[PDB]
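Novice: This is the structure I have questions about; it appears just below.
Any read-out appearing in this document is the output of simple, stated calculations on the displayed coordinates, not a laboratory observation. Backbone-built Cβ (ideal geometry, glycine too); neighbour counts: all protein chains shown.
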Amino acid sequence: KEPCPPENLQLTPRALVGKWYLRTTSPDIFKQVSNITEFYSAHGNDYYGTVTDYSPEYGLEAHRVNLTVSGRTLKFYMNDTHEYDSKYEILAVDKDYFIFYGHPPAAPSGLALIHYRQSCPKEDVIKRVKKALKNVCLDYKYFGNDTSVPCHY
Ligand SMILES: *[C@@H]1O[C@H](CO)[C@@H](O[C@@H]2O[C@H](CO)[C@@H](O)[C@H](O)[C@H]2NC(C)=O)[C@H](O)[C@H]1NC(C)=O
Ligand SMILES: *[C@@H]1O[C@H](CO)[C@@H](O[C@@H]2O[C@H](CO)[C@@H](O)[C@H](O)[C@H]2NC(C)=O)[C@H](O)[C@H]1NC(C)=O
Ligand SMILES: *[C@@H]1O[C@H](CO)[C@@H](O)[C@H](O)[C@H]1NC(C)=O
């Protein structure tokens, strides 16, 4: 689904600094890539850093990424594979999560990506994400989780 982004969402500089786990997605991308960790460093209003992920073909790999920010959209570019490379629009930022939306070659009709401060986020964080989604015309029901990361005993 195309979202209805909110009207004057501030994307604060450095709001994306540090470690994130990309655990939830629409549509579900986790049968092709999994265990996704991102680490960003500020470079003025932009970021640069690293994405590590487990590839069914390659195992644990690392990639250099750049985020080039412009208002509320950014350009995601990865160094050695470009299937996720796109303009992404910020749908929500928060201390504990952020939500992007783009059309990379791997999902050219639209890909929403939820990144979390926590590997296995707790229910209060999840409830907020649910609320943030409904408020941009999306629904958490239609997202898939990275189930290869164990969040339950
Ligand atoms: C899932 O991702 C993590 C990174 O979060 C992998 O852990 C790293 O593994 C390398 C090689 O074992 C170590 O040198 C790093 O120290 C590890 N990082 C952390 C934060 O522990 C982990 O191996 C991945 N697991 C799978 C199954 O892909
Ligand atoms: C894309 O990104 C990663 C950067 O981390 C590169 O992986 C490194 O490759 C070098 C040799 O070229 C290894 O010595 C390092 O251990 C790797 N670093 C990490 C953090 O894993 C990879 O080479 C880059 N690929 C291209 C094609 O530019
Ligand atoms: C994703 O995981 C959360 C927390 O475990 C859960 O409540 C939610 O139902 C999951 N979504 C799907 C589609 O399984």
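Novice: Write out, first by first residue and then by second, each pair whose Cβ atoms fall under 9 Å of each other, whose residues are 6+ apart or on separate chains, and whose first residue, in the range 21-36, is over 15 Å from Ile99 (Cβ atoms) while the second is among the β-branched types (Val, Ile, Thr).
Specialist: If the second residue must be among the β-branched types (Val, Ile, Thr), the pairs left are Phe30/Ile36; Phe30/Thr147; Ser34/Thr147; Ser34/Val149; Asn35/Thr52; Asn35/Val149.
Novice: Another question about this same structure. Looking only at the range 48-70, filter to residues that are in contact (Cβ under 8 Å) with a residue 24 or more places away in the chain and under 15 Å from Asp85 (Cβ atoms); which one of those is nearest to ligand 1 (Cβ to nearest atom)?
Specialist: Looking at the filtered set, the residue picked out is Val51.
Novice: So, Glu2, is that one buried (at least 17 other Cβ atoms within 10 Å of the Cβ), acidic (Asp, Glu) and touching a residue at least 24 places away in the same chain (Cβ under 8 Å) or not?
Specialist: no
Novice: While we're looking at this one, here's another question. Is it fair to say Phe30 is more than 18 Å from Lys130 (Cβ to Cβ) and within 15 Å of the chain's Cα centre (by Cα)?
Specialist: When the stated conditions are applied, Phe30 passes them.
For (1) small (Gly, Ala, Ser); (2) touching a residue at least 60 places away in the same chain (Cβ under 8 Å), each residue gets a yes or a no:
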{"residue": "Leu111", "(1), (2)": "no, yes"}
{"residue": "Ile114", "(1), (2)": "no, yes"}
{"residue": "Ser119", "(1), (2)": "yes, yes"}
{"residue": "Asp124", "(1), (2)": "no, no"}
{"residue": "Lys127", "(1), (2)": "no, no"}
{"residue": "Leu133", "(1), (2)": "no, no"}
{"residue": "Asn145", "(1), (2)": "no, yes"}
{"residue": "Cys151", "(1), (2)": "no, no"}
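Novice: Just to be sure before I move on: is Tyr88 away from ligand 2 (no atom under 16 Å from the Cβ), among the aromatic types (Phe, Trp, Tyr) and either assigned to a strand (DSSP E or B) or surrounded by 14 or more Cβ atoms within 10 Å (Cβ to Cβ) (or both) in the structure I sent? Outline the logic, then answer.
Specialist: Numbers: away from ligand 2 (no atom under 16 Å from the Cβ): yes; among the aromatic types (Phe, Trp, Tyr): yes; either assigned to a strand (DSSP E or B) or surrounded by 14 or more Cβ atoms within 10 Å (Cβ to Cβ) (or both): yes.
Taking the combined requirement at face value, the residue satisfies it.
Novice: Additional query: Has the range 133-143 got any residue that is within 19 Å of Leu16 (Cα to Cα) and more than 16 Å from ligand 1 (Cβ to nearest atom)?
Specialist: Yes - at least one qualifying residue is present in the range 133-143.
Novice: Continuing with the same structure: Given the criterion of a type outside the set (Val, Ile, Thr) and within 16 Å of ligand 2 (Cβ to nearest atom), identify the matching residue among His115, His103, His82.
Specialist: Of the residues listed, the single one that is of a type outside the set (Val, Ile, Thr) and within 16 Å of ligand 2 (Cβ to nearest atom) is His82.
Novice: From the list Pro121, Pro105, pick out the single residue that is surrounded by fewer than 16 Cβ atoms within 10 Å (Cβ to Cβ) and under 26 Å from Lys1 (Cα atoms).
Specialist: Just one listed residue meets the conditions, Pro105.
Novice: Continuing with the same structure: Would you pick out the residues in the range 99-129 that are in a helix (DSSP H, G or I) and either more than 9 Å from ligand 3 (Cβ to nearest atom) or among the β-branched types (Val, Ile, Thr) (or both)?
Specialist: If the condition is that a residue be in a helix (DSSP H, G or I) and either more than 9 Å from ligand 3 (Cβ to nearest atom) or among the β-branched types (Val, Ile, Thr) (or both), then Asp124, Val125, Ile126, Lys127, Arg128, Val129 are the ones that fit.
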